[PDB]
$ cat work-v6.pdb   # PDB, C-alpha atoms
MODEL        1
ATOM      1  CA  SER A  22      25.135  15.443 -14.984  1.00  0.00           C
ATOM      2  CA  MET A  23      26.417  11.994 -14.267  1.00  0.00           C
ATOM      3  CA  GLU A  24      25.380  12.399 -10.603  1.00  0.00           C
ATOM      4  CA  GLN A  25      21.725  13.074 -11.752  1.00  0.00           C
ATOM      5  CA  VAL A  26      21.846   9.870 -13.860  1.00  0.00           C
ATOM      6  CA  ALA A  27      23.245   7.735 -10.984  1.00  0.00           C
ATOM      7  CA  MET A  28      20.477   9.023  -8.697  1.00  0.00           C
ATOM      8  CA  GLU A  29      17.993   8.152 -11.437  1.00  0.00           C
ATOM      9  CA  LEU A  30      19.363   4.608 -11.743  1.00  0.00           C
ATOM     10  CA  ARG A  31      18.878   4.220  -7.916  1.00  0.00           C
ATOM     11  CA  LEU A  32      15.226   5.512  -8.179  1.00  0.00           C
ATOM     12  CA  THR A  33      14.622   3.002 -10.986  1.00  0.00           C
ATOM     13  CA  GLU A  34      16.114   0.188  -8.997  1.00  0.00           C
ATOM     14  CA  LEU A  35      14.052   1.150  -5.912  1.00  0.00           C
ATOM     15  CA  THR A  36      11.038   1.230  -8.229  1.00  0.00           C
ATOM     16  CA  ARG A  37      11.791  -2.313  -9.418  1.00  0.00           C
ATOM     17  CA  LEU A  38      12.102  -3.614  -5.827  1.00  0.00           C
ATOM     18  CA  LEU A  39       8.828  -1.825  -4.773  1.00  0.00           C
ATOM     19  CA  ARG A  40       6.902  -3.294  -7.730  1.00  0.00           C
ATOM     20  CA  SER A  41       7.842  -6.786  -6.465  1.00  0.00           C
ATOM     21  CA  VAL A  42       6.954  -5.871  -2.840  1.00  0.00           C
ATOM     22  CA  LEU A  43       3.645  -4.489  -4.119  1.00  0.00           C
ATOM     23  CA  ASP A  44       2.895  -7.738  -5.984  1.00  0.00           C
ATOM     24  CA  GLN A  45       3.646  -9.779  -2.894  1.00  0.00           C
ATOM     25  CA  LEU A  46       1.382  -7.582  -0.673  1.00  0.00           C
ATOM     26  CA  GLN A  47      -1.474  -7.721  -3.128  1.00  0.00           C
ATOM     27  CA  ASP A  48      -1.302 -11.594  -3.206  1.00  0.00           C
ATOM     28  CA  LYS A  49      -2.221 -11.390   0.469  1.00  0.00           C
ATOM     29  CA  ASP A  50      -5.543  -9.894  -0.623  1.00  0.00           C
ATOM     30  CA  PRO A  51      -6.927 -12.776  -2.790  1.00  0.00           C
ATOM     31  CA  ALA A  52     -10.488 -11.369  -2.493  1.00  0.00           C
ATOM     32  CA  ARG A  53      -9.407  -7.996  -4.078  1.00  0.00           C
ATOM     33  CA  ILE A  54     -10.952  -6.015  -1.231  1.00  0.00           C
ATOM     34  CA  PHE A  55      -8.179  -3.360  -1.518  1.00  0.00           C
ATOM     35  CA  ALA A  56      -7.519  -3.602  -5.310  1.00  0.00           C
ATOM     36  CA  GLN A  57      -9.384  -0.396  -6.295  1.00  0.00           C
ATOM     37  CA  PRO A  58     -10.497   2.879  -4.661  1.00  0.00           C
ATOM     38  CA  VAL A  59     -13.617   2.839  -2.501  1.00  0.00           C
ATOM     39  CA  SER A  60     -16.419   3.984  -4.907  1.00  0.00           C
ATOM     40  CA  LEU A  61     -18.027   7.365  -4.133  1.00  0.00           C
ATOM     41  CA  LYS A  62     -20.956   6.372  -6.311  1.00  0.00           C
ATOM     42  CA  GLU A  63     -21.530   3.374  -3.850  1.00  0.00           C
ATOM     43  CA  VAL A  64     -20.277   4.952  -0.548  1.00  0.00           C
ATOM     44  CA  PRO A  65     -21.182   8.574  -1.199  1.00  0.00           C
ATOM     45  CA  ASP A  66     -20.291   9.716   2.372  1.00  0.00           C
ATOM     46  CA  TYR A  67     -16.854   8.047   2.386  1.00  0.00           C
ATOM     47  CA  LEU A  68     -14.778  11.241   2.371  1.00  0.00           C
ATOM     48  CA  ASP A  69     -16.671  12.546   5.418  1.00  0.00           C
ATOM     49  CA  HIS A  70     -15.049   9.535   7.143  1.00  0.00           C
ATOM     50  CA  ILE A  71     -11.707   9.013   5.462  1.00  0.00           C
ATOM     51  CA  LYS A  72      -9.513  11.963   4.562  1.00  0.00           C
ATOM     52  CA  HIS A  73      -6.797  10.133   2.642  1.00  0.00           C
ATOM     53  CA  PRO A  74      -8.208   7.174   0.690  1.00  0.00           C
ATOM     54  CA  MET A  75      -5.775   4.567  -0.538  1.00  0.00           C
ATOM     55  CA  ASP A  76      -5.877   1.336  -2.560  1.00  0.00           C
ATOM     56  CA  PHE A  77      -3.460  -0.883  -4.517  1.00  0.00           C
ATOM     57  CA  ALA A  78      -4.279   0.483  -7.964  1.00  0.00           C
ATOM     58  CA  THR A  79      -3.615   4.099  -6.819  1.00  0.00           C
ATOM     59  CA  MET A  80      -0.282   2.867  -5.284  1.00  0.00           C
ATOM     60  CA  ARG A  81       0.540   1.182  -8.529  1.00  0.00           C
ATOM     61  CA  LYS A  82      -0.034   4.410 -10.588  1.00  0.00           C
ATOM     62  CA  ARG A  83       2.231   6.303  -8.177  1.00  0.00           C
ATOM     63  CA  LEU A  84       4.846   3.536  -8.366  1.00  0.00           C
ATOM     64  CA  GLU A  85       5.137   3.452 -12.178  1.00  0.00           C
ATOM     65  CA  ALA A  86       5.508   7.232 -12.210  1.00  0.00           C
ATOM     66  CA  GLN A  87       8.514   6.572  -9.865  1.00  0.00           C
ATOM     67  CA  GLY A  88       6.696   8.603  -7.247  1.00  0.00           C
ATOM     68  CA  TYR A  89       8.048   6.685  -4.229  1.00  0.00           C
ATOM     69  CA  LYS A  90      11.471   8.165  -3.174  1.00  0.00           C
ATOM     70  CA  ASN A  91      12.015   5.595  -0.373  1.00  0.00           C
ATOM     71  CA  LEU A  92      10.398   2.592   1.372  1.00  0.00           C
ATOM     72  CA  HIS A  93       8.938   4.803   4.148  1.00  0.00           C
ATOM     73  CA  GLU A  94       6.709   6.628   1.651  1.00  0.00           C
ATOM     74  CA  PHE A  95       5.418   3.312   0.161  1.00  0.00           C
ATOM     75  CA  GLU A  96       4.816   1.927   3.631  1.00  0.00           C
ATOM     76  CA  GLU A  97       2.792   5.062   4.483  1.00  0.00           C
ATOM     77  CA  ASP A  98       0.410   4.331   1.582  1.00  0.00           C
ATOM     78  CA  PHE A  99       0.176   0.629   2.530  1.00  0.00           C
ATOM     79  CA  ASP A 100      -0.639   1.493   6.084  1.00  0.00           C
ATOM     80  CA  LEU A 101      -3.374   3.907   4.865  1.00  0.00           C
ATOM     81  CA  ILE A 102      -5.124   1.016   3.071  1.00  0.00           C
ATOM     82  CA  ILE A 103      -5.251  -0.916   6.344  1.00  0.00           C
ATOM     83  CA  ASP A 104      -5.937   1.946   8.730  1.00  0.00           C
ATOM     84  CA  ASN A 105      -8.708   3.446   6.595  1.00  0.00           C
ATOM     85  CA  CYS A 106     -10.435   0.079   6.445  1.00  0.00           C
ATOM     86  CA  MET A 107     -10.151  -0.546  10.184  1.00  0.00           C
ATOM     87  CA  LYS A 108     -11.843   2.805  10.992  1.00  0.00           C
ATOM     88  CA  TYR A 109     -14.637   2.788   8.409  1.00  0.00           C
ATOM     89  CA  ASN A 110     -15.623  -0.873   8.936  1.00  0.00           C
ATOM     90  CA  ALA A 111     -16.569  -2.502  12.224  1.00  0.00           C
ATOM     91  CA  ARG A 112     -14.627  -5.336  13.761  1.00  0.00           C
ATOM     92  CA  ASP A 113     -17.183  -8.053  12.861  1.00  0.00           C
ATOM     93  CA  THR A 114     -16.985  -7.460   9.092  1.00  0.00           C
ATOM     94  CA  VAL A 115     -15.336  -9.254   6.275  1.00  0.00           C
ATOM     95  CA  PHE A 116     -13.605  -5.951   5.312  1.00  0.00           C
ATOM     96  CA  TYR A 117     -11.962  -5.285   8.715  1.00  0.00           C
ATOM     97  CA  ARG A 118     -11.008  -8.931   8.999  1.00  0.00           C
ATOM     98  CA  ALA A 119      -9.332  -8.817   5.559  1.00  0.00           C
ATOM     99  CA  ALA A 120      -7.249  -5.768   6.644  1.00  0.00           C
ATOM    100  CA  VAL A 121      -6.002  -7.445   9.774  1.00  0.00           C
ATOM    101  CA  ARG A 122      -4.855 -10.459   7.697  1.00  0.00           C
ATOM    102  CA  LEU A 123      -3.210  -8.213   5.067  1.00  0.00           C
ATOM    103  CA  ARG A 124      -1.454  -6.329   7.853  1.00  0.00           C
ATOM    104  CA  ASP A 125      -0.171  -9.498   9.542  1.00  0.00           C
ATOM    105  CA  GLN A 126       0.838 -11.206   6.306  1.00  0.00           C
ATOM    106  CA  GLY A 127       2.363  -8.072   4.781  1.00  0.00           C
ATOM    107  CA  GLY A 128       4.495  -7.498   7.921  1.00  0.00           C
ATOM    108  CA  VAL A 129       6.826 -10.344   6.910  1.00  0.00           C
ATOM    109  CA  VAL A 130       7.248  -9.082   3.312  1.00  0.00           C
ATOM    110  CA  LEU A 131       7.954  -5.557   4.689  1.00  0.00           C
ATOM    111  CA  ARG A 132      10.483  -6.731   7.295  1.00  0.00           C
ATOM    112  CA  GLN A 133      12.671  -8.226   4.511  1.00  0.00           C
ATOM    113  CA  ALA A 134      12.183  -5.358   2.045  1.00  0.00           C
ATOM    114  CA  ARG A 135      13.527  -2.970   4.758  1.00  0.00           C
ATOM    115  CA  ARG A 136      16.635  -5.162   5.096  1.00  0.00           C
ATOM    116  CA  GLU A 137      17.102  -5.326   1.200  1.00  0.00           C
ATOM    117  CA  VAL A 138      16.775  -1.527   0.737  1.00  0.00           C
ATOM    118  CA  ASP A 139      19.355  -0.913   3.535  1.00  0.00           C
ATOM    119  CA  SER A 140      21.661  -3.665   2.227  1.00  0.00           C
ATOM    120  CA  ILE A 141      21.700  -2.716  -1.534  1.00  0.00           C
ATOM    121  CA  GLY A 142      21.586   1.062  -0.717  1.00  0.00           C
TER     122      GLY A 142
ENDMDL
END

$ encode --input "work-v6.pdb" --output "structure tokens"
Amino acid sequence: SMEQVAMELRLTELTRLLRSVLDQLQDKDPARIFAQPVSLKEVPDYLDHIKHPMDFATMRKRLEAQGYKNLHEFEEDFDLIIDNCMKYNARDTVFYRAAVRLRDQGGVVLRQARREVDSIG
């Protein structure tokens, strides 16, 4: 159906906008602290602590499979990156400190992306 194709064109366009958002958020992590999943070889107990791991690479795989239906879903995964880090690591650590900065810096990017998604439908 032509409806199914129009809905697909919207998913694709959302996917293009989210790829750009994702790039912008990841530039706010110049140390690549959140680039890849926490290693279970190196933190073998990690899943006893964190039930839903997240990282930018795993977001990116979901994104290119057009697995985000809306901004809310993408924001959920971004928030996991930050929240997981802020529970597992203590306040006085380079890791926690990097999440706070990502959170604060990403807030601006996310504010405008919400407006763009609303605006362009």

$ residues_around --input "work-v6.pdb" --residues "stretch 121-134 of chain A" --least-positions-apart "3" --cutoff "7 Å" --atoms "only C-alpha atoms" --output "PyMOL selection string"
chain A and resi 42+46+49-50+103+117-118+137-138

$ resolve_selection --input "work-v6.pdb" --expression "the PyMOL selection byres ((chain A and resi 105) around 12)" --output "ChimeraX atom specification"
/A:55,58-59,67-68,70-76,97-104,106-111,116-117,120-121

$ resolve_selection --input "work-v6.pdb" --expression "the PyMOL selection byres ((chain A and resi 36) around 12)" --output "PyMOL selection string"
chain A and resi 29-35+37-43+80-92+95+138

$ atom_distance --input "work-v6.pdb" --atom1 "atom CA of residue A:69" --atom2 "atom CA of residue A:112"
19.8 Å

$ atom_distance --input "work-v6.pdb" --atom1 "atom CA of residue A:62" --atom2 "atom CA of residue A:79"
17.5 Å

$ atom_distance --input "work-v6.pdb" --atom1 "atom CA of residue A:28" --atom2 "atom CA of residue A:136"
20.2 Å

$ closest_residue --input "work-v6.pdb" --among "A:45, A:52, A:22, A:27" --to "residue A:119" --atoms "all atoms listed in the file"
A:52
